[PDB]
Amino acid sequence: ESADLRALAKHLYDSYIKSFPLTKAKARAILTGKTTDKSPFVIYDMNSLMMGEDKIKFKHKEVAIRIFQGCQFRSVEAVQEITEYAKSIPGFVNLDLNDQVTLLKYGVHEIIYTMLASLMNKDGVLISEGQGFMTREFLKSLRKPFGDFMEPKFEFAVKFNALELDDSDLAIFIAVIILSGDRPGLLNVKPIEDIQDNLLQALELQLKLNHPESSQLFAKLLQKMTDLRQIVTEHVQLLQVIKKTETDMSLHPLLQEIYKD
Amino acid sequence: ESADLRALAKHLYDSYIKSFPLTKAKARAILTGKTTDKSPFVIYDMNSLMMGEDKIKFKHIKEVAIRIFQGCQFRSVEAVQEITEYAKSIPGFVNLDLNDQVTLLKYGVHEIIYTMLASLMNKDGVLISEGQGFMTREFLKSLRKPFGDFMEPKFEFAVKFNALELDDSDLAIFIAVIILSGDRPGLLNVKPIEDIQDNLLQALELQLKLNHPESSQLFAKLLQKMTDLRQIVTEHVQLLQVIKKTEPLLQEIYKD
Ligand SMILES: O=C(Nc1ccc(Oc2ncccn2)cc1C(=O)O)c1ccc(Cl)cc1Cl
Ligand SMILES: O=C(Nc1ccc(Oc2ncccn2)cc1C(=O)O)c1ccc(Cl)cc1Cl
Ligand SMILES: *c1ccc([N+](=O)[O-])cc1C(=O)Nc1ccccc1
Ligand SMILES: *c1ccc([N+](=O)[O-])cc1C(=O)Nc1ccccc1
């Protein structure tokens with residue numbers, strides 16, 4: 001009955017709020033720029049990067065690397081948050097532990113880039129809890145491996161943000177990503193498949209209710225999962241170019257755990 | 001109003017049953033209750049464990065005590081989500097500030113676990129794996145220096161707590177009280193968080209008197225037990241970083 005699926009939506013949207021500080025709704029508020037309750041310092045060249053540390057604090061050496069390093073701890077941080085949100089999906093913690101770990105190992109990137117879109121517009125991305133902004137151009141212009149590491153995310157975000165999803169939608173969508181069943185190494189696909197079937201049932205109703213005039217947003221949404229599986233693959237292989245380019249520069253082990261390609 | 005308290009009572013009961021798979025009535029039929037319509041595989045020594053791992057379906061597929069500890073970590077993660085779901089049914093819990101909600105859960109979840117662990121225990125040992133198992137108290141004590149003493153003070157508590165002879169309709173209101181505790185560090189608006197508790201304490205108060213007619217002053221006895229929950233949780237939170245001195249994606253699963 002629709003009555004139940006509305007509850008799973010409200011439930012996930014509540015957990016989504018509690019697991020991620022920077023929601024899409026908050027992100028867009030910062031990004032309009034008409035909302036100046038706090039506006040972001042914009043990094044666009046090396047001289048903004050200088051200032052970008054004067055007054056923006058982050059949790060603390062070529063620029064292109066130290067950017068990446070700070071980009072990397074954010075990744076760790078988002079993995080922590082997704083992990084906290086996953087644990088809230090009804091029945092996730094009831095699944096086999098090997099498969100909990102396997103659903104995370106694989107869904108985390110697809111979620112990371114889904115949510116990165118909330119932080120992006122055609123010109124850049126909010127940094128450091130929104131305190132910052134960093135241009136698509138300043139990113140596209142770092143040292144040669146690093147000068148398009150982050151470019152395709154931007155093209156996906158633009159095409160993905162075209163869906164105009166809000167947070168209540170994302171929360172259900174984020175769930176479906178976690179509970180795929182298509183993941184390699186899964187011990188028990190069918191219980192995963194049953195939760196995901198509920199979650200899709202939840203998504204469909206939500207999308208048709210939250211965006212009434214937007215027909216086949218459910219189908220066009222699900223189809224966006226194609227674009228995701230392809231970002232994830234460009235990323236790992238680009239990341240391997242850096243493990244060889246940068247034998248001196250290390251990689252956070254939690255991230256490493258989720259990269260046995 | 002007599003009837004409003006009893007109303008919230010049945011609300012909470014109905015919700016606790018739906019949120020908690022293994023209810024105390026259930027647990028007690030299995031346990032010392034000779035309700036041998038089904039029986040749990042029992043773990044009394046090392047030989048029975050490997051037997052039991054092989055028959056029972058543990059959802060966490062490495063030495064003896066460590067494997068037990070992790071399977072314990074797995075159960076608590078599920079319990080948490082049962083507590084969490086249960087909470088959303090407490091009247092007014094959801095109307096709270098979400099930060100406050102997260103705080104009550106954060107600090108209330110251990111006390112609630114060890115409260116409901118009591119329902120799965122007796123002096124001789126404890127039910128495990130949805131009650132498909134029973135792990136004797138002596139086999140648990142018979143674990144390696146870090147691990148044998150982990151579980152003795154819980155068995156300590158359950159015996160005293162179970163002596164109250166509380167049932168699931170009592171534990172319903174009681175755990176609601178525990179959660180809507182307005183003395184948790186960091187809450188932002190303790191008025192509802194205490195307004196509901198004064199409602200909850202009223203309900204529990206009447207409930208105990210009606211279900212336990214001449215258990216004089218059980219309510220008080222049951223509240224002063226709440227000093228024993230805080231005390232254990234403290235000894236438990238302590239005993240979780242003496243083990244981290246011994247012991248990555250699953251580490252982020254179990255961030256305590
Ligand atoms: O830069 C990014 N993230 C961060 C990088 C550094 C950082 O700390 C920092 N900032 C500037 C310079 C050095 N370090 C914080 C973040 C963040 O997103 O939270 C980033 C975000 C999205 C995309 Cl698509 C690309 C990047 Cl390179
Ligand atoms: O056994 C307990 N928890 C579990 C530990 C392991 C486990 O899975 C398991 N069993 C045996 C060996 C290894 N792992 C399941 C449970 C459970 O409570 O459901 C337990 C329950 C109460 C108390 Cl006071 C102590 C423990 Cl150790
Ligand atoms: C940036 C640089 C390196 C990695 N990595 O090696 O995994 C990841 C990222 C990245 O995309 N970080 C991120 C995720 C989410 C939000 C902001 C930044
Ligand atoms: C067992 C081991 C570790 C923790 N911990 O990390 O805080 C907790 C527990 C525990 O008490 N598990 C449990 C809860 C509820 C029912 C059965 C078992």
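Every number for a ligand or one of its atoms is a count from 1 in the order of the listing. Within every chain, numbering begins at 1; the chains are lettered A, B, ... in the order of the sequence lines, protein sequences first and strands thereafter. Because only heavy atoms are used, hydrogens play no part in the values below, and waters and symmetry mates are left out as well, while side chains stay in.
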Are side-chain heavy atoms of B:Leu249 and A:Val108 found at a separation under 4.5 Å?
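Contact flag for B:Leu249/A:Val108 side chains = no.
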Quick one, A:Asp227 and A:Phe160 - any side-chain contact, counting heavy atoms below 4.5 Å?
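Side-chain contact under 4.5 Å: no.
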Heavy atom of the protein closest to [atom] (residue, atom name, distance):
atom	value
atom 3 (C) of ligand 4	B:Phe69 CE1, 3.3 Å
atom 6 (O) of ligand 4	B:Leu240 CD2, 3.0 Å
atom 2 (C) of ligand 4	B:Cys72 SG, 2.7 Å
atom 18 (C) of ligand 4	B:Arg75 CG, 3.4 Å
atom 14 (C) of ligand 4	B:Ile113 CG2, 3.3 Å

Under a 3.5 Å cutoff, is there a donor and acceptor pairing between the side chains of [X] and [Y]?
X	Y	answer
B:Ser19	B:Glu85	yes
A:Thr102	A:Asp99	no
B:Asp168	B:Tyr13	no

Salt bridge (charged side-chain N to carboxylate O under 4.0 Å, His left out), that's the test. Do A:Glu246 and A:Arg143 meet it? Break it down for me.
CA-CA 12 Å; A:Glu246 297 319 326; A:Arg143 181 177 65 83; 2.7 Å; yes
Is the closest basic N to carboxylate O distance between B:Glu82 and B:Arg75 below 4.0 Å?
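Result for this pair is yes, salt bridge flagged.
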Any chance the rings of B:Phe150 and B:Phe69 have centres within less than 6.0 Å?
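B:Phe150 vs B:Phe69: aromatic centres under 6.0 Å.
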Mark yes or no for whether A:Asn161, through its side chain, and A:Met120, through its backbone, hold a donor-acceptor pair below 3.5 Å.
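Judged by distance alone, yes, a pair lies under 3.5 Å.
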Tell me, please, whether B:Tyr114 has B:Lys154 positioned over its six-membered ring: NZ or CZ under 6.0 Å from the ring centre and within 45 degrees of its axis?
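Yes, B:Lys154 sits over the ring of B:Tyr114.
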So is A:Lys18 actually on top of A:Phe20's ring, under 6.0 Å and inside 45° of the axis?
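No; the conditions do not both hold, so A:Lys18 does not lie above the ring face of A:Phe20.
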Any N/O of B:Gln73 closer than 3.5 Å to an N/O of ligand 4?
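There is no such contact.
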Contact (N/O only, under 3.5 Å) between B:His236 and ligand 4
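Yes; the residue has a nitrogen or oxygen that sits under 3.5 Å from a nitrogen or oxygen of the ligand.
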Subset of ligand 4 atoms that lie under 4.0 Å from at least one heavy atom of B:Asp256
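Near B:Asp256, the atoms of ligand 4 are 5 (N), 6 (O), 7 (O).
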Atoms of ligand 4, numbered as shown, that sit under 4.0 Å from any heavy atom of B:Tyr114:
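Those of ligand 4 that fall under 4.0 Å from B:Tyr114 are 11 (O).
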For ligand 4, which part of B:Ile128 has a heavy atom less than 4.0 Å away: the side chain, the backbone, both, or neither?
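For B:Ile128, there is no contact with ligand 4 at all, from either part.
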Which segment of B:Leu117 sits under 4.0 Å of ligand 4 when only heavy atoms are counted:
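Near ligand 4, B:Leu117 shows its side chain, while the N, CA, C and O stay back.
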Applying a strict 4.0 Å limit to heavy atoms, is B:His110 in contact with ligand 4?
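B:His110 counts as a contact of ligand 4 under the 4.0 Å cut-off.
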What do you reckon, does B:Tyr254 put a non-hydrogen atom under 4.0 Å from ligand 4?
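In this structure, B:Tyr254 fails to qualify as a contact of ligand 4 - no heavy atom is under 4.0 Å.
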Would you please test B:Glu111 and B:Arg184 for salt bridge (charged side-chain N to carboxylate O under 4.0 Å, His left out) and show each step?
CA-CA 12 Å; B:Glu111 303 169 0; B:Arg184 311 293 198 183; 3.0 Å; yes
N/O contact list for ligand 1, threshold under 3.5 Å:
residue  : atom   : partner  : partner atom : Å
ligand 1 : 19 (O) : A:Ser128 : N            : 3.2

